[PDB]
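Engineer: Could you have a look at this structure, given as structure tokens, before my questions?
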Amino acid sequence: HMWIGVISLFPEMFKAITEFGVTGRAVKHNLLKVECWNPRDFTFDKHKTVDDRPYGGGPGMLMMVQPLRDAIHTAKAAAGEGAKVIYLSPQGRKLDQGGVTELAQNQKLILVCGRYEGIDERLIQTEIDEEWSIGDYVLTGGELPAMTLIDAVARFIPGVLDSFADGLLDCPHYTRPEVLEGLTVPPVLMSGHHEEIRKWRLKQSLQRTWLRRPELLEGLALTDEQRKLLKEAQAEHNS
Amino acid sequence: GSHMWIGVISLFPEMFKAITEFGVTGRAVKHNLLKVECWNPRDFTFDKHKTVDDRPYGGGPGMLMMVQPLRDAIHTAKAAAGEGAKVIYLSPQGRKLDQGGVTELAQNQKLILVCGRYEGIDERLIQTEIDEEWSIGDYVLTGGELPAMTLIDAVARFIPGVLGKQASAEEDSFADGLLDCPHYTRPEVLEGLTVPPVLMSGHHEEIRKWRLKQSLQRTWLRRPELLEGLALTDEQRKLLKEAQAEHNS
RNA sequence: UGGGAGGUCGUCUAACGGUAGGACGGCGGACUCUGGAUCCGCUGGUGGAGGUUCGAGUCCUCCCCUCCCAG
Ligand SMILES: Nc1ncnc2c1ncn2[C@@H]1O[C@H](C[C@@H](N)CC[C@H](N)C(=O)O)[C@@H](O)[C@H]1O
Ligand SMILES: Nc1ncnc2c1ncn2[C@@H]1O[C@H](C[C@@H](N)CC[C@H](N)C(=O)O)[C@@H](O)[C@H]1O
């Protein structure tokens, strides 16, 4: 299974994944364990200070190095041999399914969540192994990015289960009723012949990947069949 | 004052406490700057056992969300929102979110966010009820709730009064299309790493230029593509050239 | 190191020839809303010697240092 350490000022936010859905069930079955450490518990003053103003002035607050460092060492300690420390940040490697598959190898990870204007550069230099971004946009804190990462990798823990399965966008899906607001379910889905249906769905994934996200298409090495189905799909669009 | 309304359809509305009860966004909610209402398809399920999923035609992996509870929750939300309510489906097949897209979404006063579960939702509900599809990235999650919260948070940073200092909004990556410069705070020396002297000089102009040059250097080194097609200034051009030079030596 | 211009807390900016203030910064404390915070204090300057004057940040001389205009 998998163990995840989180350093965050709002550990209760993590209940969002540790108590609901697939991940909640994973936690209940001891397949996934998530432990949180809060830098505030590492302060030594009445107001539990974990941040201050960035030098050179100007607006904003930066998190202080010491509570985070102490929290990280505590986590690393109670983590064992070889825990990799990742900092969530928009300046890090942009996360994608390949990165997710790579991340799913580590048995233990510690995730550092920023707030306000960020964290001290020296903490990044001295304690962080890798930086990961969930996308080219900026959030108010690292807790959501951390939960996103945790969820994406959790879809791999053995015994818990599929877009990008083959590098392609998923195909369209249908359920009851047979007719919805005048829209009928594709007759092919009703033939009951599993093979004709599979080929239809695959053609659909190719068509969808090609239209909405053609760049995803550039790197793949398609089977003869996939190339054929995509060309067939291509013929209908320009007609 | 300013204000935004977000309607959410999700089987696990309690997850949203993560943003409505914590940090800047939680405060935004407390100050009535941001309002979030959550409708749960389970409250719409007729089924005695309150079944919210259903089988996909054609078999295979997964279950799909059952059409009636979900459709009905959406109709209720659209009904509460009135006009100007744009409906977005969070899905990996949607438009990949970036800071430009965030600025675009932030132009809406009302949004309804549909969070999928299981293998997703019936395609016909997407065609008939969804206005736009959005992805937070090229990776797959167990549900649309995290994506939804992400979208809300990213856009929330643009509502006036959410951050309290409006200049903070710009002092982040992608704000002006460049990555942020590195930051330092107290104490001045910690475990042998010293704070760069310019930041302690009290010399405002040198500090402004240092911060700007650093932002440029970092962008060039990590994400040079952002630089492509950017419209600098003479000063920025000068600082960048200096940075490209200095980095090599 | 040739011809102009100019030197005030670290930076920015004030002061009649009458005792040098302010903003930002930095440091120190509080702060039962961790707040992209707030509040209260402390720190700190006329580049250097001469002369004029009852008195010089200010006027005069020299020296030193800095910016602009071909080294
Ligand atoms: N795109 C993102 N991917 C991962 N984490 C993010 C992302 N955007 C923000 N965060 C987290 O949110 C925290 C607070 C941010 N406002 C700080 C941003 C920081 N000034 C920067 O530009 O890198 C960051 O420290 C990260 O922990
Ligand atoms: N990258 C993403 N961007 C936006 N929403 C996502 C993303 N990944 C998962 N989701 C949400 O999670 C839901 C259920 C997913 N487990 C499976 C989705 C399914 N692959 C599809 O074709 O939509 C998706 O329908 C979305 O609501």
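We label chains A, B, ... in the order they appear in the structure tokens, count residues from 1 in each chain, and number ligands from 1 in the order shown.
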Could you list, as a ChimeraX atom specification, every residue within 12 Å of residue 66 in chain C, counting only C-alpha atoms (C1' of nucleotides) and ignoring same-chain residues fewer than 6 positions away?
Structural biologist: /C:5-7,47
Engineer: Could those residues be written to a file, using N, CA and C atoms (P, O5', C5', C4', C3', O3' and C1' of nucleotides), as a PDB file, in the first residue's frame?
Structural biologist:
ATOM      1  P     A C   5      28.188  73.633 -13.521  1.00  0.00           P
ATOM      2  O5'   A C   5      27.241  72.525 -12.868  1.00  0.00           O
ATOM      3  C5'   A C   5      25.967  72.222 -13.422  1.00  0.00           C
ATOM      4  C4'   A C   5      25.390  70.966 -12.810  1.00  0.00           C
ATOM      5  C3'   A C   5      25.435  70.877 -11.288  1.00  0.00           C
ATOM      6  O3'   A C   5      24.398  71.590 -10.640  1.00  0.00           O
ATOM      7  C1'   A C   5      26.237  68.868 -12.179  1.00  0.00           C
ATOM      8  P     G C   6      24.603  72.175  -9.145  1.00  0.00           P
ATOM      9  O5'   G C   6      24.690  70.857  -8.234  1.00  0.00           O
ATOM     10  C5'   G C   6      23.684  69.865  -8.300  1.00  0.00           C
ATOM     11  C4'   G C   6      24.051  68.590  -7.553  1.00  0.00           C
ATOM     12  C3'   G C   6      24.466  68.719  -6.090  1.00  0.00           C
ATOM     13  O3'   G C   6      23.365  68.895  -5.220  1.00  0.00           O
ATOM     14  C1'   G C   6      25.930  67.227  -7.169  1.00  0.00           C
ATOM     15  P     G C   7      23.579  68.915  -3.626  1.00  0.00           P
ATOM     16  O5'   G C   7      23.799  67.375  -3.286  1.00  0.00           O
ATOM     17  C5'   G C   7      24.014  66.941  -1.949  1.00  0.00           C
ATOM     18  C4'   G C   7      24.628  65.565  -1.906  1.00  0.00           C
ATOM     19  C3'   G C   7      24.964  65.057  -0.509  1.00  0.00           C
ATOM     20  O3'   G C   7      24.766  63.648  -0.464  1.00  0.00           O
ATOM     21  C1'   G C   7      26.938  65.203  -1.846  1.00  0.00           C
ATOM     22  P     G C  47      27.330  65.691   3.929  1.00  0.00           P
ATOM     23  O5'   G C  47      28.059  64.299   3.700  1.00  0.00           O
ATOM     24  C5'   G C  47      28.301  63.430   4.789  1.00  0.00           C
ATOM     25  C4'   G C  47      29.679  62.820   4.738  1.00  0.00           C
ATOM     26  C3'   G C  47      30.791  63.608   5.424  1.00  0.00           C
ATOM     27  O3'   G C  47      30.879  63.296   6.798  1.00  0.00           O
ATOM     28  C1'   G C  47      31.476  63.089   3.236  1.00  0.00           C
TER      29        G C  47
END
Engineer: Write down as a list in words the residues of range 48-181 of chain B whose backbone DSSP state falls under strand (DSSP E or B).
Structural biologist: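 So, restricting range 48-181 of chain B to strand (DSSP E or B), we get residues 53, 54, 56, 64, 65, 85, 86, 87, 88, 89, 90, 91, 92, 93, 94, 95, 96, 110, 111, 112, 113, 114, 132, 133, 134 and 135 of chain B.
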Engineer: Within 7 Å of chain C, which residues belong to chain A? Use only C-alpha atoms (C1' of nucleotides) and report them as a PyMOL selection string.
Structural biologist: chain A and resi 60-61+116-117
Engineer: Dump C-alpha atoms for the selected residues as a PDB file, in the first residue's frame?
Structural biologist:
ATOM      1  CA  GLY A  60       2.356  39.844   1.631  1.00  0.00           C
ATOM      2  CA  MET A  61       3.440  37.203   4.175  1.00  0.00           C
ATOM      3  CA  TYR A 116       0.111  33.416   1.477  1.00  0.00           C
ATOM      4  CA  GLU A 117       2.938  34.523  -0.750  1.00  0.00           C
TER       5      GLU A 117
END
Engineer: Determine, counting only C-alpha atoms (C1' of nucleotides), which protein, DNA and RNA residues have an atom within 8 Å of an atom of residue 155 in chain A; residues of the same chain fewer than 6 positions away are not included. Present the result as a ChimeraX atom specification.
Structural biologist: /A:161 /B:141-142
Engineer: Based on only C-alpha atoms (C1' of nucleotides), which of the residues in chain B come within 10 Å of chain C? I want them as a PyMOL selection string.
Structural biologist: chain B and resi 22-24+27+162-169+171+199-207
